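S.K.: Questions regarding the structure given below will be posed in turn.
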Amino acid sequence: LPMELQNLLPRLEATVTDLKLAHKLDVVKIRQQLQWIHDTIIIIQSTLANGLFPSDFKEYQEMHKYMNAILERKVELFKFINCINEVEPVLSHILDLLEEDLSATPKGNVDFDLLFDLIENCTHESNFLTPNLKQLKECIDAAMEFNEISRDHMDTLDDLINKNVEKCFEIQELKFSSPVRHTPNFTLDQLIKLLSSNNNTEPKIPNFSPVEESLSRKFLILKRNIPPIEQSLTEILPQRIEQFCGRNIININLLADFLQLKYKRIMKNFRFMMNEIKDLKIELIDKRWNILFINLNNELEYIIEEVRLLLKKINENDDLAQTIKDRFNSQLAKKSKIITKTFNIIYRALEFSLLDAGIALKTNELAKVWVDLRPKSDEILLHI
Amino acid sequence: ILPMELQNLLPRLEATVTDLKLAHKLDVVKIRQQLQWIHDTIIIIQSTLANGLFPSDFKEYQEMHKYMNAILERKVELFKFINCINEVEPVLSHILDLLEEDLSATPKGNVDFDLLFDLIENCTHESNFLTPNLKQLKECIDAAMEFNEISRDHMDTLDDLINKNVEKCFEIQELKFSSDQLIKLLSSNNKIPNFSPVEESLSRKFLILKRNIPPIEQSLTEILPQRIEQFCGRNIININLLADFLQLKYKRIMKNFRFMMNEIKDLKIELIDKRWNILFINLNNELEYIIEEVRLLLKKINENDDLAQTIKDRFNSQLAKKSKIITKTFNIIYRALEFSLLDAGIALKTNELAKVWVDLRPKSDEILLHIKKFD
């Protein structure tokens, strides 16, 4: 934006630098360059007097664009302030030499000529200095950090949180797209085998399929992704508080105003994702354990009935062949053994507390009948 | 010894490992070793902090200052150190995403379980060590950086500068205590000490001194922000003591400043006010005497009647010449009242003289005006 000023800046540091590291008073040369600096200072101030520099923007966040504008050519504005803040000490260097060369015997009218010029630079120095150092420099630093907290920190966390919500959804699409649509039939032997696998290894997803091995793994990465995000939503409050008050710039009111809304917006979105994952955990764990136990209770109740029917038949028809009576006994033996293996493994399984109150009771209703029937089974297989 | 030196054995190795971890494609058994190595190294690093404690409650101590300096010496390296360990969680997430992309049901899954347990094993040690250590350590480095800036580069500088002003202030007085007319030059002027044309130089040395003050005085009201910021802003309870130390430093420097201010204010009276005062004391004294000179001259003319033309003409020319000086003097003195250089006190003496001269000047003037009539 300040094309005119860019052409001047290089000579400015060159002259200031020359003055900065000169020990000889060339009264003629020093006068020339000091006068130049004075005129150029005024020029820079007039161009920077709200032409293309900070003014009250309390009206709208259009200032965001002006901050972005600063950062584009921030390399240059930093260069300007560094030179101008060097001025006061540069002039002080010049002043010592004047005092050192200011012998009583000579008139030293040169000292007057230059001190008037020096103090002439200082008045404009002090006028231009206060806005650039106090406001412009701070505005670059504030806008630099504000872009960090908004773009690098807040925007990134929203991206992360959204991707966690999609992974949340991506998981459900795998569950629905599987051999087990819902309520999967199993064999009591296999139910034992799989239930017993889980006994041996917060809960984990049961293995209905090679797909469940996948869902389990995918869900584990999802569950581990959240804490860093949740850390950063308790840890961003400090960085948000610091800039919100510490900066004490004119437009800070508007910035903190905006950031508070962005944080509130993303915190809502965060709580949604947390809830979605909570709801998913119940589906992929509690529900799965529920249906498995419905499955158990179905087959358990049936094979318990089968056993009761066999007992009835043996007592009613003890007059039949030993081929028949031996097959009847071997069946009752085989069936009884599994029923107790089932109730044992059930009763050694932690997940029973997850179970819906209804289905847990069905298992318990079956349990009660089996404590009555097993002795009646056992006394018969005693004689065999 | 240095605890940093123990960690400095293998910091490059930790960075190297994560560098290749960032950009690894389809590495299985190799990755298992790499990850495991990092885990063990991290625990070793956690133990080094325990042996020589970078984060510790030294708040009770005033040896904090020593501890700052120690950190800043090797701070260059601690940034390299901090940067890699903070990168761990996101680096492993990339690995996990690569692992998740493998899929392949049971076969890939079995290896994946060995890996995730290893990865989450890295993270417990990363997160435990990483968060507590580096949070406080990074703050402490930044706090130490700023604290030395505000104490050495800002506060110590201003003390040096203030003292040099007091030295110059003193240096001037030694020259004042160790060493013509300005006749109408007074009238030309009509606050410049043009009293000693030779030592008009000393005033210019005072002028630069008077000009040096405000930047210093600016910096003593603009340091309060930087002092207030660092005082409360720092999260560490350790700041409380640093705040106390800076408050004591500031009050010490502020006393020295007010002394230097007073010293220069006292000096200004001695160079500018006193010299102006004596000039006008001197003029009033001359004025009184030349007024007297006139009265005697008037008396001589009147008392001894007949005198030589040579004598009567000399007497008259003196009376004329003396009267003109008296008014030139009154004129100058009363114009010093406008610039307000003349003390209100010595003003009264001039006024007392003025009154006697308004009674004599007619007696002077009648003599001269008869001579003026003659043509």
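Numbering starts fresh at 1 for the residues of each chain in the structure tokens, the chains themselves are lettered A, B, ... in the order given, and ligands are numbered from 1 as they appear.
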Name the residues in contact with residue 332 in chain B at a cut-off of 9 Å, using only C-alpha atoms, excluding same-chain residues fewer than 6 positions from it; report them as a ChimeraX atom specification.
M.R.: /B:184,186-187,190
S.K.: Store the residues of this selection in a file with C-alpha atoms, as a PDB file, in the first residue's frame.
M.R.:
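Dumped to part.pdb:
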ATOM      1  CA  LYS B 184      23.593  46.921  25.166  1.00  0.00           C
ATOM      2  CA  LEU B 186      21.433  42.958  27.432  1.00  0.00           C
ATOM      3  CA  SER B 187      19.046  45.234  25.380  1.00  0.00           C
ATOM      4  CA  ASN B 190      15.592  41.910  25.613  1.00  0.00           C
TER       5      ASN B 190
END
S.K.: When you look at residue 310 in chain A with a cut-off of 12 Å (counting only C-alpha atoms), what residues show up, excluding the ones that are within fewer than 4 positions of it in the same chain? I need them as a PDB file with C-alpha atoms, in the first residue's frame.
M.R.:
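The file below, around38.pdb, is the result:
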ATOM      1  CA  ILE A 303     -32.174 -77.024  25.443  1.00  0.00           C
ATOM      2  CA  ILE A 304     -33.533 -76.836  29.074  1.00  0.00           C
ATOM      3  CA  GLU A 305     -36.991 -77.799  27.640  1.00  0.00           C
ATOM      4  CA  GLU A 306     -35.392 -80.581  25.474  1.00  0.00           C
ATOM      5  CA  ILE A 314     -37.183 -91.919  30.049  1.00  0.00           C
ATOM      6  CA  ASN A 315     -39.505 -92.236  33.132  1.00  0.00           C
ATOM      7  CA  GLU A 316     -42.628 -92.917  30.941  1.00  0.00           C
ATOM      8  CA  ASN A 317     -40.853 -95.528  28.685  1.00  0.00           C
ATOM      9  CA  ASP A 318     -38.271 -97.505  30.788  1.00  0.00           C
ATOM     10  CA  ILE A 324     -33.065 -96.436  22.898  1.00  0.00           C
ATOM     11  CA  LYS A 325     -32.379 -96.088  26.705  1.00  0.00           C
ATOM     12  CA  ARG A 327     -29.155 -92.981  23.347  1.00  0.00           C
ATOM     13  CA  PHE A 328     -31.715 -91.257  25.698  1.00  0.00           C
ATOM     14  CA  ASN A 329     -29.109 -91.255  28.550  1.00  0.00           C
ATOM     15  CA  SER A 330     -26.155 -90.113  26.312  1.00  0.00           C
ATOM     16  CA  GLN A 331     -28.338 -87.194  25.005  1.00  0.00           C
ATOM     17  CA  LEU A 332     -29.393 -86.145  28.585  1.00  0.00           C
ATOM     18  CA  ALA A 333     -25.685 -86.471  29.652  1.00  0.00           C
ATOM     19  CA  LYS A 334     -24.463 -84.353  26.658  1.00  0.00           C
ATOM     20  CA  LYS A 335     -27.287 -81.735  27.041  1.00  0.00           C
ATOM     21  CA  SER A 336     -27.032 -81.337  30.891  1.00  0.00           C
ATOM     22  CA  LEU A 373     -33.856 -80.070  37.187  1.00  0.00           C
ATOM     23  CA  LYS A 376     -33.258 -84.938  38.672  1.00  0.00           C
ATOM     24  CA  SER A 377     -30.883 -85.276  35.634  1.00  0.00           C
ATOM     25  CA  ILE A 380     -30.624 -90.780  36.634  1.00  0.00           C
TER      26      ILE A 380
END
S.K.: Dump as a tab-separated table the rows for residues of chain A within 9 Å of chain B: closest atom pair and distance in Å with one decimal, only C-alpha atoms counted, ordered by chain and rising residue number.
M.R.:
residue	atom	partner	partner_atom	distance
A:88	CA	B:215	CA	8.5
A:92	CA	B:212	CA	8.2
A:95	CA	B:208	CA	7.3
A:96	CA	B:208	CA	8.9
A:99	CA	B:205	CA	6.3
A:102	CA	B:201	CA	6.8
A:103	CA	B:201	CA	7.3
A:104	CA	B:201	CA	5.5
A:105	CA	B:198	CA	6.1
A:106	CA	B:198	CA	8.1
A:107	CA	B:198	CA	7.8
A:108	CA	B:201	CA	7.7
A:111	CA	B:204	CA	7.9
A:112	CA	B:204	CA	8.0
A:115	CA	B:208	CA	8.0
A:119	CA	B:211	CA	8.2
A:210	CA	B:105	CA	5.9
A:211	CA	B:105	CA	7.1
A:213	CA	B:105	CA	7.0
A:214	CA	B:105	CA	6.2
A:217	CA	B:109	CA	7.7
A:218	CA	B:100	CA	6.8
A:220	CA	B:116	CA	8.9
A:221	CA	B:96	CA	7.5
A:224	CA	B:120	CA	8.6
A:225	CA	B:93	CA	8.1
A:228	CA	B:89	CA	8.3
A:242	CA	B:233	CA	8.4
A:246	CA	B:229	CA	7.9
S.K.: Can you list every residue in range 54-159 of chain A that DSSP puts in helix (DSSP H, G or I), as a VMD selection string?
M.R.: chain A and resid 63 to 72 74 to 101 109 to 159
S.K.: Need to verify the contact set: residue 293 in chain B, 10 Å, only C-alpha atoms, exclusion of same-chain residues closer than 6 positions in sequence. Can you return it as a list in words?
M.R.: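 Everything that qualifies: residues 287, 299, 318, 319, 322 and 323 of chain B.
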S.K.: Using only C-alpha atoms, find each residue of range 126-218 of chain B with at least one atom at most 10 Å away from an atom of range 270-278 of chain B; report its shortest atom-to-atom pair and that distance in Å (one decimal), sort the rows by chain and rising residue number, and return the result as JSON lines.
M.R.:
{"residue": "B:172", "atom": "CA", "partner": "B:271", "partner_atom": "CA", "distance": 9.7}
{"residue": "B:173", "atom": "CA", "partner": "B:270", "partner_atom": "CA", "distance": 9.0}
{"residue": "B:176", "atom": "CA", "partner": "B:271", "partner_atom": "CA", "distance": 8.3}
{"residue": "B:191", "atom": "CA", "partner": "B:272", "partner_atom": "CA", "distance": 6.8}
{"residue": "B:192", "atom": "CA", "partner": "B:272", "partner_atom": "CA", "distance": 7.1}
{"residue": "B:193", "atom": "CA", "partner": "B:272", "partner_atom": "CA", "distance": 6.0}
{"residue": "B:194", "atom": "CA", "partner": "B:275", "partner_atom": "CA", "distance": 9.1}
{"residue": "B:195", "atom": "CA", "partner": "B:275", "partner_atom": "CA", "distance": 6.9}
{"residue": "B:196", "atom": "CA", "partner": "B:275", "partner_atom": "CA", "distance": 9.5}
{"residue": "B:202", "atom": "CA", "partner": "B:271", "partner_atom": "CA", "distance": 8.6}
{"residue": "B:203", "atom": "CA", "partner": "B:271", "partner_atom": "CA", "distance": 7.2}
{"residue": "B:206", "atom": "CA", "partner": "B:271", "partner_atom": "CA", "distance": 8.6}
S.K.: Applying 9 Å and only C-alpha atoms, which residues near range 17-30 of chain A remain after dropping the ones on its own chain fewer than 4 positions away? List them as a list in words.
M.R.: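 Residues meeting the cut-off are residues 12, 13, 34, 35, 83, 86, 87, 89, 90, 91, 93, 94, 97, 98, 101, 110 and 114 of chain A.
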